[PDB]
file coords-v5.cif (mmCIF, N, CA and C atoms)
data_data
#
loop_
_atom_site.label_atom_id
_atom_site.label_comp_id
_atom_site.auth_asym_id
_atom_site.auth_seq_id
_atom_site.Cartn_x
_atom_site.Cartn_y
_atom_site.Cartn_z
N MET Y 1 -11.01 -13.68 -15.85
CA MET Y 1 -9.93 -12.98 -15.12
C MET Y 1 -8.65 -13.79 -15.18
N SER Y 2 -7.54 -13.14 -14.89
CA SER Y 2 -6.23 -13.78 -14.90
C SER Y 2 -6.16 -14.87 -13.82
N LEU Y 3 -6.70 -14.57 -12.65
CA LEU Y 3 -6.69 -15.50 -11.52
C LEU Y 3 -7.92 -16.40 -11.55
N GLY Y 4 -7.83 -17.54 -10.87
CA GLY Y 4 -8.94 -18.46 -10.81
C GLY Y 4 -9.45 -18.65 -9.39
N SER Y 5 -10.38 -19.59 -9.21
CA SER Y 5 -10.95 -19.89 -7.89
C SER Y 5 -11.67 -18.67 -7.30
N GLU Y 6 -11.89 -18.69 -6.00
CA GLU Y 6 -12.52 -17.57 -5.32
C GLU Y 6 -11.72 -17.21 -4.07
N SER Y 7 -10.61 -16.55 -4.26
CA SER Y 7 -9.79 -16.13 -3.21
C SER Y 7 -9.18 -14.78 -3.54
N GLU Y 8 -8.19 -14.41 -2.81
CA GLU Y 8 -7.53 -13.17 -2.95
C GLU Y 8 -6.08 -13.41 -3.26
N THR Y 9 -5.33 -12.37 -3.18
CA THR Y 9 -3.89 -12.43 -3.37
C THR Y 9 -3.24 -13.21 -2.22
N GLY Y 10 -3.66 -12.88 -1.00
CA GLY Y 10 -3.16 -13.57 0.17
C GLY Y 10 -1.98 -12.86 0.81
N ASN Y 11 -1.14 -12.25 -0.02
CA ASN Y 11 0.05 -11.55 0.48
C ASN Y 11 0.04 -10.07 0.10
N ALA Y 12 -1.15 -9.57 -0.20
CA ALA Y 12 -1.33 -8.17 -0.56
C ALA Y 12 -2.59 -7.63 0.10
N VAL Y 13 -2.52 -6.41 0.58
CA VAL Y 13 -3.65 -5.78 1.24
C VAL Y 13 -4.02 -4.47 0.57
N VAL Y 14 -5.24 -4.03 0.80
CA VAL Y 14 -5.71 -2.77 0.28
C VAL Y 14 -5.81 -1.80 1.44
N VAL Y 15 -5.02 -0.76 1.40
CA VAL Y 15 -5.02 0.22 2.46
C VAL Y 15 -5.69 1.49 2.00
N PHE Y 16 -6.67 1.94 2.77
CA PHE Y 16 -7.40 3.14 2.45
C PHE Y 16 -7.67 3.96 3.70
N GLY Y 17 -7.94 5.24 3.51
CA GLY Y 17 -8.21 6.11 4.63
C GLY Y 17 -7.00 6.91 5.06
N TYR Y 18 -6.17 7.29 4.10
CA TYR Y 18 -4.98 8.08 4.38
C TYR Y 18 -4.89 9.25 3.41
N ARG Y 19 -4.08 10.24 3.74
CA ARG Y 19 -3.91 11.41 2.91
C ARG Y 19 -2.42 11.66 2.64
N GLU Y 20 -2.11 12.31 1.52
CA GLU Y 20 -0.71 12.56 1.10
C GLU Y 20 0.01 13.55 2.02
N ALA Y 21 -0.65 13.97 3.08
CA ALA Y 21 -0.06 14.90 4.02
C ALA Y 21 0.51 14.17 5.24
N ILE Y 22 0.40 12.84 5.25
CA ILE Y 22 0.89 12.05 6.39
C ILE Y 22 1.96 11.05 5.96
N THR Y 23 2.43 11.16 4.72
CA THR Y 23 3.34 10.16 4.17
C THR Y 23 4.62 10.01 4.97
N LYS Y 24 5.23 11.11 5.33
CA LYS Y 24 6.49 11.06 6.04
C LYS Y 24 6.31 10.34 7.38
N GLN Y 25 5.17 10.58 8.00
CA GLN Y 25 4.87 10.04 9.30
C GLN Y 25 4.42 8.56 9.23
N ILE Y 26 3.33 8.29 8.50
CA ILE Y 26 2.75 6.95 8.45
C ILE Y 26 3.68 5.95 7.76
N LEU Y 27 4.39 6.40 6.74
CA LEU Y 27 5.29 5.53 6.00
C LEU Y 27 6.39 5.02 6.89
N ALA Y 28 6.88 5.87 7.79
CA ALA Y 28 7.97 5.49 8.69
C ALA Y 28 7.64 4.21 9.46
N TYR Y 29 6.42 4.12 9.98
CA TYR Y 29 5.99 2.92 10.71
C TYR Y 29 5.95 1.68 9.82
N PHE Y 30 5.29 1.79 8.68
CA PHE Y 30 5.09 0.66 7.78
C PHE Y 30 6.31 0.40 6.92
N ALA Y 31 7.27 1.32 6.99
CA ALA Y 31 8.49 1.24 6.21
C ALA Y 31 9.23 -0.04 6.51
N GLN Y 32 8.98 -0.61 7.68
CA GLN Y 32 9.57 -1.87 8.09
C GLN Y 32 9.20 -2.96 7.09
N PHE Y 33 8.03 -2.80 6.50
CA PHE Y 33 7.53 -3.77 5.57
C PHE Y 33 7.69 -3.26 4.13
N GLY Y 34 7.34 -2.00 3.90
CA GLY Y 34 7.44 -1.41 2.57
C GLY Y 34 7.07 0.07 2.57
N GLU Y 35 6.79 0.61 1.39
CA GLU Y 35 6.41 2.02 1.25
C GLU Y 35 4.94 2.14 0.86
N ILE Y 36 4.33 3.29 1.16
CA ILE Y 36 2.90 3.45 0.94
C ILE Y 36 2.59 4.51 -0.13
N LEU Y 37 3.06 5.73 0.09
CA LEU Y 37 2.79 6.83 -0.85
C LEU Y 37 4.04 7.17 -1.66
N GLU Y 38 3.91 8.13 -2.59
CA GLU Y 38 5.00 8.46 -3.50
C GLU Y 38 5.91 9.60 -3.00
N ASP Y 39 5.44 10.40 -2.08
CA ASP Y 39 6.24 11.53 -1.61
C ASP Y 39 7.14 11.13 -0.44
N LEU Y 40 8.40 10.86 -0.75
CA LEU Y 40 9.32 10.40 0.24
C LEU Y 40 10.71 10.96 -0.02
N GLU Y 41 11.18 11.75 0.91
CA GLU Y 41 12.51 12.34 0.85
C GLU Y 41 13.31 11.86 2.06
N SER Y 42 14.50 11.31 1.80
CA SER Y 42 15.38 10.75 2.85
C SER Y 42 14.63 9.79 3.79
N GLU Y 43 14.69 8.52 3.48
CA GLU Y 43 13.96 7.52 4.18
C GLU Y 43 14.89 6.49 4.79
N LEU Y 44 14.92 6.51 6.09
CA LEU Y 44 15.73 5.64 6.92
C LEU Y 44 17.21 5.81 6.57
N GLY Y 45 17.85 6.80 7.19
CA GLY Y 45 19.24 7.10 6.91
C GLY Y 45 20.15 5.93 7.21
N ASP Y 46 19.89 5.26 8.31
CA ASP Y 46 20.68 4.11 8.70
C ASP Y 46 19.81 2.92 8.91
N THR Y 47 20.40 1.74 8.80
CA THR Y 47 19.71 0.48 9.03
C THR Y 47 18.79 0.10 7.87
N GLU Y 48 17.96 1.05 7.41
CA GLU Y 48 16.95 0.81 6.39
C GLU Y 48 15.97 -0.27 6.84
N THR Y 49 16.07 -0.61 8.14
CA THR Y 49 15.19 -1.56 8.82
C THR Y 49 15.02 -2.89 8.07
N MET Y 50 16.02 -3.23 7.22
CA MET Y 50 16.02 -4.44 6.39
C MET Y 50 14.65 -4.71 5.75
N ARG Y 51 14.01 -3.63 5.34
CA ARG Y 51 12.68 -3.66 4.75
C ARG Y 51 12.68 -4.29 3.36
N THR Y 52 11.47 -4.69 2.90
CA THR Y 52 11.27 -5.29 1.57
C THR Y 52 11.84 -6.72 1.51
N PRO Y 53 11.08 -7.67 0.90
CA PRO Y 53 11.53 -9.07 0.74
C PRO Y 53 12.67 -9.20 -0.28
N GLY Y 54 13.27 -8.09 -0.62
CA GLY Y 54 14.38 -8.07 -1.55
C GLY Y 54 15.54 -7.28 -1.01
N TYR Y 55 15.50 -6.99 0.31
CA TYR Y 55 16.55 -6.23 1.02
C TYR Y 55 16.53 -4.74 0.66
N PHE Y 56 16.32 -4.45 -0.60
CA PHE Y 56 16.30 -3.09 -1.09
C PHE Y 56 15.02 -2.83 -1.86
N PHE Y 57 14.63 -1.58 -1.93
CA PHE Y 57 13.41 -1.19 -2.62
C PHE Y 57 13.70 -0.86 -4.08
N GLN Y 58 13.01 -1.55 -4.98
CA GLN Y 58 13.21 -1.35 -6.40
C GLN Y 58 12.13 -0.45 -6.99
N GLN Y 59 12.50 0.78 -7.26
CA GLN Y 59 11.62 1.75 -7.85
C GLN Y 59 12.45 2.85 -8.49
N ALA Y 60 11.98 3.36 -9.60
CA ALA Y 60 12.74 4.34 -10.37
C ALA Y 60 12.18 5.76 -10.22
N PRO Y 61 13.07 6.75 -10.01
CA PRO Y 61 12.70 8.16 -9.89
C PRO Y 61 12.15 8.74 -11.20
N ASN Y 62 12.35 8.03 -12.29
CA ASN Y 62 11.88 8.47 -13.61
C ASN Y 62 10.46 7.97 -13.89
N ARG Y 63 9.93 7.20 -12.95
CA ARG Y 63 8.58 6.67 -13.04
C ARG Y 63 7.84 6.86 -11.74
N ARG Y 64 6.70 6.20 -11.61
CA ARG Y 64 5.91 6.27 -10.40
C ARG Y 64 6.72 5.68 -9.27
N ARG Y 65 6.65 6.30 -8.10
CA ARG Y 65 7.43 5.85 -6.97
C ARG Y 65 6.97 4.48 -6.54
N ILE Y 66 5.68 4.29 -6.56
CA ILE Y 66 5.11 3.01 -6.22
C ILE Y 66 4.74 2.26 -7.49
N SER Y 67 5.26 1.05 -7.61
CA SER Y 67 5.03 0.23 -8.78
C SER Y 67 3.67 -0.45 -8.72
N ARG Y 68 3.06 -0.41 -7.56
CA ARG Y 68 1.73 -0.95 -7.35
C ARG Y 68 0.71 0.13 -7.68
N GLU Y 69 -0.47 -0.28 -8.12
CA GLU Y 69 -1.48 0.68 -8.50
C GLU Y 69 -2.11 1.31 -7.27
N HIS Y 70 -2.13 2.62 -7.25
CA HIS Y 70 -2.70 3.37 -6.15
C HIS Y 70 -3.79 4.30 -6.65
N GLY Y 71 -4.76 4.55 -5.80
CA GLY Y 71 -5.86 5.41 -6.15
C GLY Y 71 -5.79 6.71 -5.40
N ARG Y 72 -6.94 7.36 -5.26
CA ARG Y 72 -7.02 8.65 -4.58
C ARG Y 72 -6.75 8.52 -3.10
N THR Y 73 -7.35 7.52 -2.49
CA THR Y 73 -7.24 7.34 -1.06
C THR Y 73 -6.92 5.89 -0.68
N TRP Y 74 -6.54 5.08 -1.66
CA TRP Y 74 -6.26 3.67 -1.42
C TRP Y 74 -5.03 3.22 -2.18
N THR Y 75 -4.32 2.24 -1.64
CA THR Y 75 -3.19 1.65 -2.34
C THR Y 75 -3.11 0.14 -2.07
N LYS Y 76 -2.65 -0.60 -3.07
CA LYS Y 76 -2.46 -2.04 -2.93
C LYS Y 76 -1.03 -2.32 -2.51
N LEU Y 77 -0.86 -2.74 -1.28
CA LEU Y 77 0.46 -3.02 -0.76
C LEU Y 77 0.73 -4.51 -0.78
N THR Y 78 1.72 -4.90 -1.55
CA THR Y 78 2.09 -6.29 -1.68
C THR Y 78 3.45 -6.52 -1.01
N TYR Y 79 3.48 -7.41 -0.03
CA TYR Y 79 4.71 -7.66 0.71
C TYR Y 79 5.30 -9.02 0.38
N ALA Y 80 4.53 -9.84 -0.35
CA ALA Y 80 4.95 -11.21 -0.76
C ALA Y 80 5.00 -12.19 0.42
N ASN Y 81 5.17 -11.65 1.62
CA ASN Y 81 5.23 -12.47 2.82
C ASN Y 81 3.96 -12.32 3.63
N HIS Y 82 3.47 -13.43 4.14
CA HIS Y 82 2.25 -13.45 4.93
C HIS Y 82 2.44 -12.74 6.27
N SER Y 83 3.65 -12.82 6.81
CA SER Y 83 3.95 -12.21 8.09
C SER Y 83 3.75 -10.69 8.03
N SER Y 84 4.29 -10.08 6.99
CA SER Y 84 4.16 -8.65 6.78
C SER Y 84 2.71 -8.29 6.48
N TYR Y 85 2.05 -9.18 5.75
CA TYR Y 85 0.65 -9.01 5.37
C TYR Y 85 -0.24 -8.89 6.60
N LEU Y 86 -0.09 -9.82 7.52
CA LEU Y 86 -0.90 -9.85 8.71
C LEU Y 86 -0.57 -8.68 9.65
N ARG Y 87 0.72 -8.38 9.80
CA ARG Y 87 1.15 -7.29 10.69
C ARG Y 87 0.67 -5.93 10.19
N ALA Y 88 0.72 -5.74 8.88
CA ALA Y 88 0.30 -4.48 8.27
C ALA Y 88 -1.22 -4.41 8.16
N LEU Y 89 -1.87 -5.56 8.34
CA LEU Y 89 -3.32 -5.67 8.25
C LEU Y 89 -3.98 -4.81 9.33
N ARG Y 90 -3.43 -4.88 10.55
CA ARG Y 90 -3.94 -4.12 11.69
C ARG Y 90 -5.46 -4.28 11.85
N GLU Y 91 -6.20 -3.18 11.64
CA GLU Y 91 -7.67 -3.18 11.74
C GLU Y 91 -8.14 -3.66 13.14
N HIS Y 92 -7.28 -3.47 14.14
CA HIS Y 92 -7.59 -3.86 15.52
C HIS Y 92 -7.66 -2.63 16.41
N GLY Y 93 -8.35 -1.60 15.95
CA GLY Y 93 -8.46 -0.39 16.71
C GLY Y 93 -7.34 0.57 16.40
N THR Y 94 -6.93 0.59 15.15
CA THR Y 94 -5.85 1.43 14.72
C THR Y 94 -6.38 2.78 14.24
N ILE Y 95 -6.19 3.80 15.07
CA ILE Y 95 -6.61 5.14 14.73
C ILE Y 95 -5.40 6.01 14.47
N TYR Y 96 -5.37 6.59 13.29
CA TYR Y 96 -4.27 7.40 12.89
C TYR Y 96 -4.75 8.80 12.53
N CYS Y 97 -4.16 9.81 13.16
CA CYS Y 97 -4.50 11.22 12.90
C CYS Y 97 -5.97 11.52 13.23
N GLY Y 98 -6.57 10.71 14.09
CA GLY Y 98 -7.94 10.94 14.49
C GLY Y 98 -8.94 10.06 13.77
N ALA Y 99 -8.49 9.31 12.77
CA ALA Y 99 -9.38 8.44 12.02
C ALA Y 99 -8.80 7.05 11.90
N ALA Y 100 -9.66 6.05 11.92
CA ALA Y 100 -9.21 4.68 11.78
C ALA Y 100 -8.92 4.38 10.32
N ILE Y 101 -7.76 3.81 10.06
CA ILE Y 101 -7.39 3.45 8.70
C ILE Y 101 -7.93 2.08 8.36
N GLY Y 102 -8.24 1.86 7.11
CA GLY Y 102 -8.79 0.60 6.70
C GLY Y 102 -7.82 -0.23 5.89
N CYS Y 103 -7.30 -1.27 6.49
CA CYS Y 103 -6.44 -2.20 5.80
C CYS Y 103 -7.18 -3.51 5.66
N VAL Y 104 -7.65 -3.79 4.48
CA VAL Y 104 -8.44 -4.98 4.25
C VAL Y 104 -7.76 -5.92 3.26
N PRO Y 105 -8.17 -7.20 3.23
CA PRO Y 105 -7.65 -8.18 2.28
C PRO Y 105 -8.03 -7.79 0.86
N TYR Y 106 -7.24 -8.19 -0.11
CA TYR Y 106 -7.49 -7.83 -1.49
C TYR Y 106 -8.83 -8.38 -1.98
N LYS Y 107 -9.68 -7.48 -2.46
CA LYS Y 107 -10.97 -7.83 -3.01
C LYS Y 107 -11.15 -7.14 -4.34
N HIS Y 108 -11.50 -7.90 -5.37
CA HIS Y 108 -11.65 -7.34 -6.71
C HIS Y 108 -12.83 -6.36 -6.78
N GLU Y 109 -13.94 -6.73 -6.16
CA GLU Y 109 -15.13 -5.89 -6.18
C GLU Y 109 -14.89 -4.58 -5.45
N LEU Y 110 -14.09 -4.65 -4.40
CA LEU Y 110 -13.75 -3.48 -3.62
C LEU Y 110 -13.00 -2.48 -4.49
N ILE Y 111 -12.09 -2.99 -5.33
CA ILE Y 111 -11.31 -2.14 -6.22
C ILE Y 111 -12.23 -1.38 -7.17
N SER Y 112 -13.21 -2.07 -7.71
CA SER Y 112 -14.18 -1.45 -8.59
C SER Y 112 -14.93 -0.33 -7.86
N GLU Y 113 -15.30 -0.59 -6.61
CA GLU Y 113 -16.00 0.41 -5.80
C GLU Y 113 -15.07 1.59 -5.50
N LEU Y 114 -13.83 1.28 -5.15
CA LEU Y 114 -12.84 2.29 -4.82
C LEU Y 114 -12.54 3.19 -6.02
N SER Y 115 -12.47 2.60 -7.20
CA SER Y 115 -12.19 3.35 -8.41
C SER Y 115 -13.38 4.23 -8.83
N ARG Y 116 -14.57 3.94 -8.30
CA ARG Y 116 -15.75 4.74 -8.61
C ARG Y 116 -15.68 6.09 -7.90
N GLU Y 117 -15.41 6.06 -6.60
CA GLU Y 117 -15.29 7.28 -5.81
C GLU Y 117 -13.94 7.91 -6.06
N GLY Y 118 -12.96 7.07 -6.13
CA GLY Y 118 -11.61 7.49 -6.37
C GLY Y 118 -11.22 7.24 -7.80
N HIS Y 119 -11.96 7.86 -8.71
CA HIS Y 119 -11.73 7.71 -10.13
C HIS Y 119 -10.35 8.21 -10.51
N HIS Y 120 -9.57 7.36 -11.14
CA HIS Y 120 -8.20 7.72 -11.50
C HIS Y 120 -7.88 7.35 -12.95
N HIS Y 121 -8.40 6.22 -13.41
CA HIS Y 121 -8.14 5.75 -14.76
C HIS Y 121 -9.36 5.05 -15.33
N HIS Y 122 -9.43 4.98 -16.64
CA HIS Y 122 -10.49 4.25 -17.30
C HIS Y 122 -10.10 2.79 -17.34
N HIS Y 123 -11.08 1.90 -17.19
CA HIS Y 123 -10.86 0.44 -17.21
C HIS Y 123 -10.21 -0.05 -15.90
N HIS Y 124 -9.30 0.74 -15.35
CA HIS Y 124 -8.63 0.39 -14.11
C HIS Y 124 -9.30 1.08 -12.94
#

call {"tool": "encode", "arguments": {"input": "coords-v5.cif", "output": "structure tokens"}}
result
Amino acid sequence: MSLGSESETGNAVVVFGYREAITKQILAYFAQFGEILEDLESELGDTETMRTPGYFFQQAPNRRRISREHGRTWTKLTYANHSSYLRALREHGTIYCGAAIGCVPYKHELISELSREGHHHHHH
């Protein structure tokens, strides 16, 4: 593998248990840190909540909205900062739309499992 040792990314989490019908709503909360899904129209008219470790969000409308690889029901959110990582981690009784969302630390084996149920690409 590209990475060595036995650890994770550390500043990236795997979020699963969401649907593309809650993007406008759920994204608004986490928007402080970054974006989650691809369907986003008019996001934070003012302030922009000084989100992203780059002040502004770098993504092109001619490509995928999210530059991170996302699956059917899971996405890899990388904030580069541990503070955002831990805050977005939640998993402390966080129930959204009637179901608890799963924000876990990056695990390679988990991705393989996720891609099995949430088949999206070959090899990936």

call {"tool": "closest_residue", "arguments": {"input": "coords-v5.cif", "among": "Y:99, Y:88, Y:44, Y:28", "to": "residue 76 in chain Y", "atoms": "only C-alpha atoms"}}
result
Y:88

call {"tool": "atom_distance", "arguments": {"input": "coords-v5.cif", "atom1": "CA of residue 70 in chain Y", "atom2": "CA of residue 104 in chain Y"}}
result
14.5 Å

call {"tool": "atom_distance", "arguments": {"input": "coords-v5.cif", "atom1": "CA of residue 30 in chain Y", "atom2": "CA of residue 2 in chain Y"}}
result
29.2 Å

call {"tool": "residues_around", "arguments": {"input": "coords-v5.cif", "residues": "residue 37 in chain Y", "least_positions_apart": "2", "cutoff": "6.5 Å", "atoms": "all atoms listed in the file", "output": "PyMOL selection string"}}
result
chain Y and resi 23+27+35+39-40+65-66

call {"tool": "write_last_selection", "arguments": {"input": "coords-v5.cif", "atoms": "N, CA and C atoms", "output": "tab-separated table (two decimals), in the coordinates of the input"}}
result
chain	number	residue	atom	x	y	z
Y	23	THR	N	2.43	11.16	4.72
Y	23	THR	CA	3.34	10.16	4.17
Y	23	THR	C	4.62	10.01	4.97
Y	27	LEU	N	4.39	6.40	6.74
Y	27	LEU	CA	5.29	5.53	6.00
Y	27	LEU	C	6.39	5.02	6.89
Y	35	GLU	N	6.79	0.61	1.39
Y	35	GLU	CA	6.41	2.02	1.25
Y	35	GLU	C	4.94	2.14	0.86
Y	39	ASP	N	5.44	10.40	-2.08
Y	39	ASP	CA	6.24	11.53	-1.61
Y	39	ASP	C	7.14	11.13	-0.44
Y	40	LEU	N	8.40	10.86	-0.75
Y	40	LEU	CA	9.32	10.40	0.24
Y	40	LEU	C	10.71	10.96	-0.02
Y	65	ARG	N	6.65	6.30	-8.10
Y	65	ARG	CA	7.43	5.85	-6.97
Y	65	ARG	C	6.97	4.48	-6.54
Y	66	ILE	N	5.68	4.29	-6.56
Y	66	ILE	CA	5.11	3.01	-6.22
Y	66	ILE	C	4.74	2.26	-7.49

call {"tool": "atom_distance", "arguments": {"input": "coords-v5.cif", "atom1": "atom N of residue 75 in chain Y", "atom2": "atom C of residue 58 in chain Y"}}
result
17.5 Å

call {"tool": "closest_residue", "arguments": {"input": "coords-v5.cif", "among": "Y:112, Y:10, Y:19, Y:36", "to": "residue 68 in chain Y", "atoms": "only C-alpha atoms"}}
result
Y:36

call {"tool": "residues_around", "arguments": {"input": "coords-v5.cif", "residues": "residue 14 in chain Y", "least_positions_apart": "3", "cutoff": "8 Å", "atoms": "only N, CA and C atoms", "output": "PyMOL selection string"}}
result
chain Y and resi 17+74-78+89+102-107

call {"tool": "write_last_selection", "arguments": {"input": "coords-v5.cif", "atoms": "N, CA and C atoms", "output": "mmCIF file, in the coordinates of the input"}}
result
data_model
loop_
_atom_site.group_PDB
_atom_site.id
_atom_site.type_symbol
_atom_site.label_atom_id
_atom_site.label_comp_id
_atom_site.auth_asym_id
_atom_site.auth_seq_id
_atom_site.Cartn_x
_atom_site.Cartn_y
_atom_site.Cartn_z
ATOM 1 N N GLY Y 17 -7.940 5.240 3.510
ATOM 2 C CA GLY Y 17 -8.210 6.110 4.630
ATOM 3 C C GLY Y 17 -7.000 6.910 5.060
ATOM 4 N N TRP Y 74 -6.540 5.080 -1.660
ATOM 5 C CA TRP Y 74 -6.260 3.670 -1.420
ATOM 6 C C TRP Y 74 -5.030 3.220 -2.180
ATOM 7 N N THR Y 75 -4.320 2.240 -1.640
ATOM 8 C CA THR Y 75 -3.190 1.650 -2.340
ATOM 9 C C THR Y 75 -3.110 0.140 -2.070
ATOM 10 N N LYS Y 76 -2.650 -0.600 -3.070
ATOM 11 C CA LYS Y 76 -2.460 -2.040 -2.930
ATOM 12 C C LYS Y 76 -1.030 -2.320 -2.510
ATOM 13 N N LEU Y 77 -0.860 -2.740 -1.280
ATOM 14 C CA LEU Y 77 0.460 -3.020 -0.760
ATOM 15 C C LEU Y 77 0.730 -4.510 -0.780
ATOM 16 N N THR Y 78 1.720 -4.900 -1.550
ATOM 17 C CA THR Y 78 2.090 -6.290 -1.680
ATOM 18 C C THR Y 78 3.450 -6.520 -1.010
ATOM 19 N N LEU Y 89 -1.870 -5.560 8.340
ATOM 20 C CA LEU Y 89 -3.320 -5.670 8.250
ATOM 21 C C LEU Y 89 -3.980 -4.810 9.330
ATOM 22 N N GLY Y 102 -8.240 1.860 7.110
ATOM 23 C CA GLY Y 102 -8.790 0.600 6.700
ATOM 24 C C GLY Y 102 -7.820 -0.230 5.890
ATOM 25 N N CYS Y 103 -7.300 -1.270 6.490
ATOM 26 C CA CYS Y 103 -6.440 -2.200 5.800
ATOM 27 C C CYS Y 103 -7.180 -3.510 5.660
ATOM 28 N N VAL Y 104 -7.650 -3.790 4.480
ATOM 29 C CA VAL Y 104 -8.440 -4.980 4.250
ATOM 30 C C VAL Y 104 -7.760 -5.920 3.260
ATOM 31 N N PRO Y 105 -8.170 -7.200 3.230
ATOM 32 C CA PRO Y 105 -7.650 -8.180 2.280
ATOM 33 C C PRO Y 105 -8.030 -7.790 0.860
ATOM 34 N N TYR Y 106 -7.240 -8.190 -0.110
ATOM 35 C CA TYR Y 106 -7.490 -7.830 -1.490
ATOM 36 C C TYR Y 106 -8.830 -8.380 -1.980
ATOM 37 N N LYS Y 107 -9.680 -7.480 -2.460
ATOM 38 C CA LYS Y 107 -10.970 -7.830 -3.010
ATOM 39 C C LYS Y 107 -11.150 -7.140 -4.340
#

call {"tool": "resolve_selection", "arguments": {"input": "coords-v5.cif", "expression": "the PyMOL selection byres ((chain Y and resi 33) around 6.5)", "output": "list in words"}}
result
residues 29, 30, 31, 32, 34, 35, 51, 52, 53, 79 and 84 of chain Y

call {"tool": "write_last_selection", "arguments": {"input": "coords-v5.cif", "atoms": "N, CA and C atoms", "output": "short mmCIF file (atom, residue, chain, number, x, y, z; two decimals), keeping the file's coordinate frame"}}
result
data_model
loop_
_atom_site.label_atom_id
_atom_site.label_comp_id
_atom_site.auth_asym_id
_atom_site.auth_seq_id
_atom_site.Cartn_x
_atom_site.Cartn_y
_atom_site.Cartn_z
N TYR Y 29 6.42 4.12 9.98
CA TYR Y 29 5.99 2.92 10.71
C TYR Y 29 5.95 1.68 9.82
N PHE Y 30 5.29 1.79 8.68
CA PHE Y 30 5.09 0.66 7.78
C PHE Y 30 6.31 0.40 6.92
N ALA Y 31 7.27 1.32 6.99
CA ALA Y 31 8.49 1.24 6.21
C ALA Y 31 9.23 -0.04 6.51
N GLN Y 32 8.98 -0.61 7.68
CA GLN Y 32 9.57 -1.87 8.09
C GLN Y 32 9.20 -2.96 7.09
N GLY Y 34 7.34 -2.00 3.90
CA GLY Y 34 7.44 -1.41 2.57
C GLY Y 34 7.07 0.07 2.57
N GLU Y 35 6.79 0.61 1.39
CA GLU Y 35 6.41 2.02 1.25
C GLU Y 35 4.94 2.14 0.86
N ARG Y 51 14.01 -3.63 5.34
CA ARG Y 51 12.68 -3.66 4.75
C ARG Y 51 12.68 -4.29 3.36
N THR Y 52 11.47 -4.69 2.90
CA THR Y 52 11.27 -5.29 1.57
C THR Y 52 11.84 -6.72 1.51
N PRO Y 53 11.08 -7.67 0.90
CA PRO Y 53 11.53 -9.07 0.74
C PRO Y 53 12.67 -9.20 -0.28
N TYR Y 79 3.48 -7.41 -0.03
CA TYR Y 79 4.71 -7.66 0.71
C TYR Y 79 5.30 -9.02 0.38
N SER Y 84 4.29 -10.08 6.99
CA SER Y 84 4.16 -8.65 6.78
C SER Y 84 2.71 -8.29 6.48
#

call {"tool": "select_by_dssp", "arguments": {"input": "coords-v5.cif", "residues": "range 84-115 of chain Y", "states": "strand (DSSP E)", "output": "tab-separated table (two decimals) with N, CA and C atoms, in the coordinates of the input"}}
result
chain	number	residue	atom	x	y	z
Y	95	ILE	N	-6.19	3.80	15.07
Y	95	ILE	CA	-6.61	5.14	14.73
Y	95	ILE	C	-5.40	6.01	14.47
Y	96	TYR	N	-5.37	6.59	13.29
Y	96	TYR	CA	-4.27	7.40	12.89
Y	96	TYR	C	-4.75	8.80	12.53
Y	99	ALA	N	-8.49	9.31	12.77
Y	99	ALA	CA	-9.38	8.44	12.02
Y	99	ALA	C	-8.80	7.05	11.90
Y	100	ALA	N	-9.66	6.05	11.92
Y	100	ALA	CA	-9.21	4.68	11.78
Y	100	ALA	C	-8.92	4.38	10.32
Y	102	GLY	N	-8.24	1.86	7.11
Y	102	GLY	CA	-8.79	0.60	6.70
Y	102	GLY	C	-7.82	-0.23	5.89
Y	103	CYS	N	-7.30	-1.27	6.49
Y	103	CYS	CA	-6.44	-2.20	5.80
Y	103	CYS	C	-7.18	-3.51	5.66
Y	104	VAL	N	-7.65	-3.79	4.48
Y	104	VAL	CA	-8.44	-4.98	4.25
Y	104	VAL	C	-7.76	-5.92	3.26
Y	105	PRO	N	-8.17	-7.20	3.23
Y	105	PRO	CA	-7.65	-8.18	2.28
Y	105	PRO	C	-8.03	-7.79	0.86

call {"tool": "closest_residue", "arguments": {"input": "coords-v5.cif", "among": "Y:61, Y:85, Y:13, Y:55", "to": "residue 41 in chain Y", "atoms": "only C-alpha atoms"}}
result
Y:61

call {"tool": "resolve_selection", "arguments": {"input": "coords-v5.cif", "expression": "the PyMOL selection byres (((chain Y and resi 72 and name CA) around 8) and name CA)", "output": "PDB file with N, CA and C atoms, in the frame of the given file"}}
result
ATOM      1  N   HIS Y  70      -2.130   2.620  -7.250  1.00  0.00           N
ATOM      2  CA  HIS Y  70      -2.700   3.370  -6.150  1.00  0.00           C
ATOM      3  C   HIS Y  70      -3.790   4.300  -6.650  1.00  0.00           C
ATOM      4  N   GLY Y  71      -4.760   4.550  -5.800  1.00  0.00           N
ATOM      5  CA  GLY Y  71      -5.860   5.410  -6.150  1.00  0.00           C
ATOM      6  C   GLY Y  71      -5.790   6.710  -5.400  1.00  0.00           C
ATOM      7  N   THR Y  73      -7.350   7.520  -2.490  1.00  0.00           N
ATOM      8  CA  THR Y  73      -7.240   7.340  -1.060  1.00  0.00           C
ATOM      9  C   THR Y  73      -6.920   5.890  -0.680  1.00  0.00           C
ATOM     10  N   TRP Y  74      -6.540   5.080  -1.660  1.00  0.00           N
ATOM     11  CA  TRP Y  74      -6.260   3.670  -1.420  1.00  0.00           C
ATOM     12  C   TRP Y  74      -5.030   3.220  -2.180  1.00  0.00           C
ATOM     13  N   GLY Y 118     -12.960   7.070  -6.130  1.00  0.00           N
ATOM     14  CA  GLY Y 118     -11.610   7.490  -6.370  1.00  0.00           C
ATOM     15  C   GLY Y 118     -11.220   7.240  -7.800  1.00  0.00           C
ATOM     16  N   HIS Y 119     -11.960   7.860  -8.710  1.00  0.00           N
ATOM     17  CA  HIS Y 119     -11.730   7.710 -10.130  1.00  0.00           C
ATOM     18  C   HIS Y 119     -10.350   8.210 -10.510  1.00  0.00           C
ATOM     19  N   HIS Y 120      -9.570   7.360 -11.140  1.00  0.00           N
ATOM     20  CA  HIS Y 120      -8.200   7.720 -11.500  1.00  0.00           C
ATOM     21  C   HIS Y 120      -7.880   7.350 -12.950  1.00  0.00           C
TER      22      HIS Y 120
END
